[PDB]
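With compact mmCIF, C-alpha atoms and all ligand atoms inside, this is final.txt:
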```txt
# COMPACT_ATOMS: atom_id res chain seq x y z
CA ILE A 1 -6.42 3.14 9.08
CA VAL A 2 -8.54 5.77 10.82
CA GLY A 3 -12.30 5.31 10.89
CA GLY A 4 -12.18 1.87 9.32
CA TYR A 5 -13.35 -1.60 10.33
CA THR A 6 -11.82 -4.99 11.09
CA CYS A 7 -11.43 -6.71 7.72
CA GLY A 8 -11.75 -10.27 8.95
CA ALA A 9 -9.01 -12.90 8.91
CA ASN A 10 -7.49 -13.37 5.45
CA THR A 11 -10.27 -11.55 3.57
CA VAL A 12 -7.61 -9.42 1.84
CA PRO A 13 -5.29 -12.28 0.72
CA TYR A 14 -2.95 -10.05 -1.30
CA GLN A 15 -2.06 -7.86 1.69
CA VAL A 16 1.46 -8.30 3.02
CA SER A 17 3.31 -6.86 6.00
CA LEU A 18 6.92 -5.70 5.59
CA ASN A 19 8.94 -6.59 8.68
CA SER A 20 12.37 -5.39 9.78
CA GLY A 21 12.13 -6.58 13.38
CA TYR A 22 8.66 -5.06 13.55
CA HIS A 23 5.89 -4.14 11.08
CA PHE A 24 6.74 -0.87 9.32
CA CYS A 25 4.85 -0.90 5.99
CA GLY A 26 2.34 -2.76 3.88
CA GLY A 27 2.59 -4.20 0.39
CA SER A 28 0.66 -6.17 -2.24
CA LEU A 29 1.44 -9.59 -3.72
CA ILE A 30 1.18 -9.38 -7.53
CA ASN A 31 2.46 -12.90 -8.31
CA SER A 32 4.15 -15.79 -6.49
CA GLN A 33 7.54 -14.05 -6.38
CA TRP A 34 6.88 -10.31 -6.43
CA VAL A 35 5.49 -7.70 -4.08
CA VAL A 36 4.74 -4.04 -4.82
CA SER A 37 5.10 -1.37 -2.12
CA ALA A 38 6.06 2.29 -1.67
CA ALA A 39 9.59 3.44 -2.41
CA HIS A 40 9.69 5.42 0.84
CA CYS A 41 9.24 2.10 2.64
CA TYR A 42 12.66 0.96 1.49
CA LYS A 43 14.88 -0.60 4.13
CA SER A 44 17.68 -3.16 3.99
CA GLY A 45 16.95 -6.68 5.19
CA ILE A 46 13.21 -6.72 4.59
CA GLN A 47 11.17 -9.83 5.39
CA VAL A 48 7.79 -10.18 3.70
CA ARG A 49 4.97 -11.66 5.75
CA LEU A 50 2.05 -13.25 3.91
CA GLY A 51 -1.21 -14.73 5.20
CA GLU A 52 -1.23 -12.40 8.19
CA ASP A 53 -4.18 -11.14 10.21
CA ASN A 54 -2.97 -10.55 13.78
CA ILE A 55 0.70 -9.58 13.29
CA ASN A 56 1.61 -10.42 16.89
CA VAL A 57 0.09 -13.91 17.11
CA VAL A 58 1.12 -16.95 15.08
CA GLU A 59 -2.25 -18.10 13.76
CA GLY A 60 -1.18 -20.84 11.35
CA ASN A 61 -1.47 -19.42 7.84
CA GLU A 62 1.63 -17.24 7.75
CA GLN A 63 4.51 -17.46 5.30
CA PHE A 64 7.65 -15.46 6.12
CA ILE A 65 9.95 -14.89 3.14
CA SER A 66 13.00 -12.65 2.93
CA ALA A 67 13.57 -10.30 -0.01
CA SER A 68 16.27 -11.27 -2.50
CA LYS A 69 16.17 -8.00 -4.42
CA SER A 70 14.54 -4.59 -4.03
CA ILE A 71 13.99 -2.17 -6.89
CA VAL A 72 12.97 1.42 -6.18
CA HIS A 73 11.52 3.27 -9.16
CA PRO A 74 14.29 4.98 -11.15
CA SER A 75 12.64 8.39 -10.78
CA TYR A 76 11.66 8.24 -7.11
CA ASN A 77 11.93 11.67 -5.47
CA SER A 78 12.11 11.53 -1.67
CA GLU A 79 11.40 15.26 -1.43
CA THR A 80 8.01 15.13 -3.16
CA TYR A 81 7.32 11.38 -3.06
CA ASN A 82 6.80 11.51 -6.82
CA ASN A 83 7.02 7.95 -8.23
CA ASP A 84 6.62 6.41 -4.77
CA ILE A 85 6.72 2.79 -5.86
CA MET A 86 9.05 -0.16 -5.31
CA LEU A 87 9.21 -3.81 -6.34
CA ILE A 88 10.42 -6.58 -4.04
CA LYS A 89 11.41 -10.04 -5.25
CA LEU A 90 11.00 -12.93 -2.80
CA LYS A 91 13.89 -15.35 -2.22
CA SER A 92 11.46 -18.22 -2.71
CA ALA A 93 8.03 -18.40 -4.33
CA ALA A 94 5.03 -17.98 -2.04
CA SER A 95 2.61 -20.90 -1.76
CA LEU A 96 -0.69 -19.65 -3.19
CA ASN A 97 -3.91 -20.77 -1.50
CA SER A 98 -7.27 -19.43 -0.30
CA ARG A 99 -5.56 -17.16 2.24
CA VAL A 100 -2.59 -16.02 0.12
CA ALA A 101 -3.40 -14.74 -3.36
CA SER A 102 -2.15 -12.18 -5.85
CA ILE A 103 -3.99 -9.05 -6.98
CA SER A 104 -4.27 -8.07 -10.66
CA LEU A 105 -2.65 -4.97 -12.14
CA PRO A 106 -4.86 -2.36 -13.88
CA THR A 107 -5.42 -2.25 -17.64
CA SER A 108 -6.72 1.32 -17.35
CA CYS A 109 -6.88 4.06 -14.73
CA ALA A 110 -9.84 4.41 -12.37
CA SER A 111 -12.18 7.42 -12.37
CA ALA A 112 -13.39 9.77 -9.65
CA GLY A 113 -16.23 8.39 -7.56
CA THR A 114 -15.08 4.78 -7.93
CA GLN A 115 -15.23 2.81 -4.68
CA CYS A 116 -11.95 1.28 -3.49
CA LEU A 117 -10.77 -0.83 -0.57
CA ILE A 118 -7.76 0.37 1.44
CA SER A 119 -6.19 -1.84 4.11
CA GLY A 120 -3.36 -1.88 6.63
CA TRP A 121 -2.04 -2.18 10.18
CA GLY A 122 -1.33 1.53 10.57
CA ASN A 123 -2.31 4.03 13.27
CA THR A 124 -6.04 4.20 13.93
CA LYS A 125 -6.08 7.61 15.64
CA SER A 126 -6.25 11.00 13.92
CA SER A 127 -5.01 12.45 17.20
CA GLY A 128 -2.60 10.34 19.21
CA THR A 129 -1.29 6.81 18.76
CA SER A 130 -3.02 3.43 18.69
CA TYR A 131 -1.74 0.59 16.51
CA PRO A 132 -4.00 -2.41 15.85
CA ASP A 133 -2.80 -6.00 15.81
CA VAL A 134 -5.37 -7.12 13.24
CA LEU A 135 -5.83 -5.85 9.68
CA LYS A 136 -8.11 -2.83 9.27
CA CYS A 137 -10.21 -1.98 6.22
CA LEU A 138 -11.67 1.20 4.73
CA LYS A 139 -13.93 1.83 1.74
CA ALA A 140 -13.14 5.15 0.09
CA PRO A 141 -13.93 6.86 -3.22
CA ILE A 142 -11.37 8.23 -5.66
CA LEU A 143 -11.59 12.03 -5.65
CA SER A 144 -11.14 14.65 -8.36
CA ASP A 145 -7.73 16.30 -8.63
CA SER A 146 -9.22 19.68 -7.70
CA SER A 147 -10.41 18.39 -4.32
CA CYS A 148 -6.95 16.86 -4.07
CA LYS A 149 -4.93 20.05 -4.55
CA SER A 150 -7.24 22.62 -2.93
CA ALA A 151 -5.63 22.85 0.52
CA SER A 152 -2.40 20.95 -0.15
CA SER A 153 0.90 22.46 1.05
CA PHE A 154 2.84 20.07 -1.17
CA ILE A 155 3.08 19.22 -4.87
CA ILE A 156 0.57 16.71 -6.24
CA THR A 157 1.74 15.23 -9.53
CA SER A 158 0.05 13.30 -12.32
CA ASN A 159 1.51 10.16 -10.74
CA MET A 160 -0.66 10.65 -7.66
CA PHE A 161 -4.37 10.65 -6.93
CA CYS A 162 -6.49 11.40 -3.88
CA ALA A 163 -9.01 9.10 -2.26
CA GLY A 164 -10.97 9.50 0.93
CA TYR A 165 -13.18 12.08 2.60
CA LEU A 166 -12.99 15.87 2.60
CA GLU A 167 -14.75 16.24 5.95
CA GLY A 168 -12.13 14.01 7.55
CA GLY A 169 -12.70 11.15 9.97
CA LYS A 170 -11.66 8.36 7.59
CA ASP A 171 -8.21 7.95 6.05
CA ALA A 172 -5.08 5.80 5.86
CA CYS A 173 -2.30 6.76 8.28
CA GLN A 174 1.27 6.08 9.44
CA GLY A 175 2.06 2.38 9.14
CA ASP A 176 -0.35 1.87 6.24
CA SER A 177 2.23 3.10 3.72
CA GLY A 178 3.00 0.77 0.83
CA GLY A 179 -0.38 -0.90 1.26
CA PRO A 180 -3.02 -1.58 -1.44
CA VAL A 181 -5.86 0.52 -2.81
CA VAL A 182 -8.03 -1.93 -4.75
CA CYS A 183 -10.90 -0.88 -7.01
CA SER A 184 -12.99 -3.23 -9.16
CA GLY A 185 -10.58 -6.07 -8.46
CA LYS A 186 -7.48 -4.17 -9.62
CA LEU A 187 -4.55 -2.63 -7.72
CA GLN A 188 -5.02 1.05 -8.57
CA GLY A 189 -3.08 2.66 -5.75
CA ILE A 190 -0.35 2.41 -3.13
CA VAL A 191 -0.69 4.20 0.23
CA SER A 192 1.84 7.04 -0.06
CA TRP A 193 1.31 10.16 2.05
CA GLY A 194 -0.98 12.77 3.53
CA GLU A 195 -0.94 15.83 5.77
CA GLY A 196 -1.66 14.31 9.15
CA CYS A 197 -4.43 11.71 9.17
CA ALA A 198 -8.14 12.06 8.49
CA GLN A 199 -7.90 15.85 8.68
CA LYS A 200 -10.59 18.08 7.20
CA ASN A 201 -9.82 19.36 3.68
CA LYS A 202 -6.87 16.99 3.37
CA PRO A 203 -7.60 13.52 1.91
CA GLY A 204 -4.93 10.87 1.52
CA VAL A 205 -2.58 10.76 -1.47
CA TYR A 206 -1.81 7.57 -3.37
CA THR A 207 0.66 6.45 -6.02
CA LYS A 208 -1.22 6.02 -9.31
CA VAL A 209 -0.34 2.44 -10.26
CA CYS A 210 -1.90 2.54 -13.75
CA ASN A 211 1.00 4.81 -14.80
CA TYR A 212 3.56 2.14 -13.91
CA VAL A 213 2.22 -1.09 -15.42
CA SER A 214 4.78 -1.02 -18.25
CA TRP A 215 7.71 -0.55 -15.86
CA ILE A 216 6.43 -3.24 -13.49
CA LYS A 217 5.98 -5.82 -16.26
CA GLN A 218 9.32 -5.10 -17.94
CA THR A 219 11.21 -5.14 -14.65
CA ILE A 220 9.79 -8.42 -13.36
CA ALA A 221 10.38 -10.12 -16.71
CA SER A 222 14.04 -9.06 -16.67
CA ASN A 223 14.82 -9.84 -13.01
CA CA B 301 0.10 -13.73 12.63
```
Target encoding structure tokens, full file:
Amino acid sequence: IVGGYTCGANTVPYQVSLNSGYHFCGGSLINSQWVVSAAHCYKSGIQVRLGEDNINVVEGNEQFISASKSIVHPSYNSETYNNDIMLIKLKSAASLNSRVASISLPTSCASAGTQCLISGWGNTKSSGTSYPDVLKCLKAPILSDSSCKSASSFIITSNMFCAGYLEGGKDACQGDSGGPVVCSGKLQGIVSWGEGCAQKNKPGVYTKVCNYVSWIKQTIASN
């Protein structure tokens, strides 16, 4: 997260860190046994880490659970990142408490202007590299599709939406992928991609979760 602030320990209880020997992506807990993340974050042997704040210090509220099954969206396109969403089932149910909680799925899509909360342990520099140990937060508005596509060099589909700032300075970044975009208490987006980080004229692009509720529900009920 570039231009954000320190969230505060466990203030984003649904945030998870995906670990494969090191933190490589974020995710969101949607129930005691399932996590939603980005399809481009797929890796074999993923361990899900819940209740985390500082990912390099054991603070006492962590729960480390390995994935038993991973399901990348059937139509995921690695060339365009269209349908960049993936479900991960935990080998054992997470213990829900004040520091580990699930986030609700949307019943409808969010509109432009709506304020959302984006979070993650990704790079904090628009130029260079600096990874934080504690969770970072950023408040950003959903933008119109026009502002989204204006200076884009890549395809932006109906399964994506932009959020952030056109003048740059604030944006998600590498390492934040798979993480949550929460608006009005609902998981509306998944950190997906962007051209660089916090660059002028190029806001971040997010997977539009409201388009996948049916698939998510049907898949979890059958697996
Ligand atoms: Ca920790």
inquiry  = Residues contacting ligand CA 301 (chain B) - anything with an atom at most 9 Å away, using only C-alpha atoms and all ligand atoms - can you give me those as a PyMOL selection string?
reply    = chain A and resi 49-62+133-134
task = Would you mind reading off the distance between CA of residue 3 in chain A and CA of residue 202 in chain A, one decimal, in Å?
result =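 Separation of CA of residue 3 in chain A and CA of residue 202 in chain A: 14.9 Å.
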task = Rounded to one decimal place, report the CA of residue 80 in chain A-CA of residue 115 in chain A distance in Å.
result = 26.3 Å
key: One-decimal distance in Å that lies between CA of residue 129 in chain A and CA of residue 170 in chain A   = 15.3 Å
query = For residue 92 in chain A, which of A:109, A:188, A:114, A:32 is the closest residue, counting only C-alpha atoms?
reply =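 The shortest atom-to-atom distance to residue 92 in chain A comes from A:32.
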inquiry  = I'd like the contact shell of residue 212 in chain A - 10 Å cut-off, only C-alpha atoms, skipping same-chain residues fewer than 2 positions apart - returned as a PyMOL selection string.
reply    = chain A and resi 73+83+85+105-106+159+207-210+214-217
task = Go through A:37, A:144, A:77, A:127 and flag the residue nearest residue 189 in chain A, using only C-alpha atoms for the distances.
result =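 Answer, going by the shortest atom-to-atom distance: A:37.
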Could range 56-73 of chain A be completed with N, CA and C atoms and returned as a JSON list (two decimals), keeping the file's coordinate frame?
```json
[["chain", "number", "residue", "atom", "x", "y", "z"],
["A", 56, "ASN", "N", 0.89, -10.10, 15.67],
["A", 56, "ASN", "CA", 1.61, -10.42, 16.89],
["A", 56, "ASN", "C", 1.30, -11.82, 17.42],
["A", 57, "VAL", "N", 0.47, -12.56, 16.70],
["A", 57, "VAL", "CA", 0.09, -13.91, 17.11],
["A", 57, "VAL", "C", 0.26, -14.87, 15.95],
["A", 58, "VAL", "N", 0.97, -15.97, 16.16],
["A", 58, "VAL", "CA", 1.12, -16.95, 15.08],
["A", 58, "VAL", "C", -0.20, -17.69, 14.99],
["A", 59, "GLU", "N", -0.94, -17.48, 13.91],
["A", 59, "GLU", "CA", -2.25, -18.10, 13.76],
["A", 59, "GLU", "C", -2.29, -19.35, 12.88],
["A", 60, "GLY", "N", -1.21, -19.64, 12.16],
["A", 60, "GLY", "CA", -1.18, -20.84, 11.35],
["A", 60, "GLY", "C", -1.27, -20.75, 9.84],
["A", 61, "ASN", "N", -1.39, -19.55, 9.29],
["A", 61, "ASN", "CA", -1.47, -19.42, 7.84],
["A", 61, "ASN", "C", -0.40, -18.51, 7.29],
["A", 62, "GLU", "N", 0.55, -18.14, 8.14],
["A", 62, "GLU", "CA", 1.63, -17.24, 7.75],
["A", 62, "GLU", "C", 2.73, -17.89, 6.92],
["A", 63, "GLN", "N", 3.38, -17.06, 6.12],
["A", 63, "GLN", "CA", 4.51, -17.46, 5.30],
["A", 63, "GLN", "C", 5.46, -16.28, 5.41],
["A", 64, "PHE", "N", 6.65, -16.51, 5.95],
["A", 64, "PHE", "CA", 7.65, -15.46, 6.12],
["A", 64, "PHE", "C", 8.75, -15.71, 5.09],
["A", 65, "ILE", "N", 8.95, -14.75, 4.20],
["A", 65, "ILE", "CA", 9.95, -14.89, 3.14],
["A", 65, "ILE", "C", 10.80, -13.63, 3.01],
["A", 66, "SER", "N", 12.12, -13.79, 3.04],
["A", 66, "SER", "CA", 13.00, -12.65, 2.93],
["A", 66, "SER", "C", 13.11, -12.16, 1.49],
["A", 67, "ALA", "N", 13.42, -10.88, 1.32],
["A", 67, "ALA", "CA", 13.57, -10.30, -0.01],
["A", 67, "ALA", "C", 14.94, -10.65, -0.57],
["A", 68, "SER", "N", 15.00, -10.94, -1.86],
["A", 68, "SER", "CA", 16.27, -11.27, -2.50],
["A", 68, "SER", "C", 16.76, -10.06, -3.28],
["A", 69, "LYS", "N", 15.83, -9.18, -3.64],
["A", 69, "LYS", "CA", 16.17, -8.00, -4.42],
["A", 69, "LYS", "C", 15.08, -6.95, -4.25],
["A", 70, "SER", "N", 15.48, -5.69, -4.16],
["A", 70, "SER", "CA", 14.54, -4.59, -4.03],
["A", 70, "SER", "C", 14.85, -3.61, -5.15],
["A", 71, "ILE", "N", 13.80, -3.11, -5.80],
["A", 71, "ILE", "CA", 13.99, -2.17, -6.89],
["A", 71, "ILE", "C", 13.09, -0.95, -6.73],
["A", 72, "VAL", "N", 13.70, 0.16, -6.34],
["A", 72, "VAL", "CA", 12.97, 1.42, -6.18],
["A", 72, "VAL", "C", 12.85, 2.04, -7.56],
["A", 73, "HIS", "N", 11.71, 2.66, -7.85],
["A", 73, "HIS", "CA", 11.52, 3.27, -9.16],
["A", 73, "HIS", "C", 12.69, 4.19, -9.50]]
```
